[PDB]
């Protein structure tokens, strides 16, 4: 009953979900199956005329987050759940999964020229789908604000399906397939969103966690040339927990190792052309083989098996060097963090209890760091339990002697201080930054990684003022301060600036503060960023 006539003249029918109009599961690419596996997405060349798009299609195949080549109860348990027919029913996944979803205010028509917020989900570049991030809460708040927006979300390939690396991938020019799927969805939005009522010149890309790192990679893509047919694909970005990816090149040592392990697992260890061997195995075999390489909750934790890597062609270099060197799109950005980003990931190494074990675990994680750098890291993130994450909880939360320390390190390198490095080097547009302390006092996890999805899409809280209202204002006016919040959000210029530069959130509301914490950790980590790449 919602209808839209797309650029090629196909007329499709969506769903009227009374508080909004949805067009769900629209195919934007040919199915990346068989020989199209691990390859760049191909535009969808087919007809959609007269079809209805009233539900989410399957997610892309998902890796077991406890997957590993070792056998253990968490791995076993999550497989039990993931291959259950009830799980398959409620959460279908498929290699044919590249669909896009357009949801809008009731009554929107072609030509309305509403701002578009394009959502990139994140799941440690190994799980995730669009269906789990309901847009209703954002759309309703935008209407009530007088600033209505269209919400678009795009599926992309995750895990081995989407981020296989190594020498053979590099040689074929197929690196970072998953980010290419997101780039092709952006191109579809530029070409088709006006038929839904959206303005192709007012697209804000936003994402959380691996989706946020994805937004960063899109700012850096093609050395910052973000145009399509002579026009920018997005005029702004919002990054919720995640900035540059600390990754070695695609044909680096861990990219190749994971490739060879995967290919032994699928039965391709003796293939002359492993890559062609992996295109021939079944979906079950490939799923199996992937669950036998480490998932992001396994012991390897942030030394991820599948993640964006510089390839020298679309991400031309080390992502930290691209930012020092100015190779980025010049846009206004919001980038923020949850106060205790690493507590989640610290749960993967709870068998590390002594300093000697903590030193070995960092050495295993960071193969390029010298002993002097490991020594500096362990001085800057001391074993003292009052010092680590959950921050400012004293002697509480001491699951081990090292949990709070490993959690402080991992949340900082992967997200919180990575964000400060970007902010201190980026001159492309106005910057805004937030830090949430909304769930201070939550045992074990603190203001944990991803709690912002709850207050953006599910429940209302003091944080929703930022994750919905300030973000809607930014997507409409390019300034979060048009939301008329009582605290003014100051512009971030530098971490050494005078005066408050961070919007902050606690259980009661908003206030501002300074991005001047853990400076010793920032230099331990980022004096020579490649020392801590994976």
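Residue numbers count along the first chain shown, from 1. Here, rigid core means the biggest group of C-alpha atoms that superpose within 1.5 Å across both forms.
Just give me the stretch that moves more in 7 other deposited structures of this protein: 146-154 or 80-88, judged by RMS C-alpha distance after a core fit.
Taking the RMS over all superposed structures in 7 other deposited structures of this protein, 80-88 lies farther out.
Which of these two stretches, 460-468 or 67-75, has the larger RMS Cα offset in 7 other deposited structures of this protein when the rigid core is kept aligned?
It is 67-75 whose C-alphas lie farther from the shown form in 7 other deposited structures of this protein.
Check the entry's C-alpha temperature factors for 376-384 and 397-405, then say which stretch has the higher mean.
Result of the comparison: 376-384.
Residue stretch of maximal mean CA temperature factor, 41-49 vs 467-475
So the stretch with the higher mean C-alpha B-factor is 41-49.
When the CA B-factors of 272, 256, 212, 424 are compared as recorded in the entry, which is the largest?
272 has the highest C-alpha B-factor of those listed.
Residue selected from 186, 302, 158, 334 by maximal Cα B factor
Of the candidates given, the C-alpha B-factor peaks at 302.
Ranked against its chain, the third holding the CA B-factor of residue 492
Its C-alpha B-factor, which the entry lists for residue 492, ranks in the lowest third among residues of this chain.
Considering every modelled residue of the chain and its Cα B-factor in the PDB entry, is residue 277 in the lowest, middle or highest third?
As the PDB entry reports it, the C-alpha B-factor of residue 277 lands in the middle third of its chain.
For residue 23, return the chain-relative third of its C-alpha B-factor as stated in the PDB record: lowest, middle or highest.
As the PDB entry reports it, the C-alpha B-factor of residue 23 lands in the highest third of its chain.
Of the three thirds of its chain by CA temperature factor, lowest, middle or highest, which one includes residue 412?
Lowest third - that is where residue 412 ends up once the chain's C-alpha B-factors are sorted.
Name the third of the chain's ranked CA B-factors that contains residue 329, choosing lowest, middle or highest.
Ranked within chain, residue 329 CA B lands in the middle tercile.
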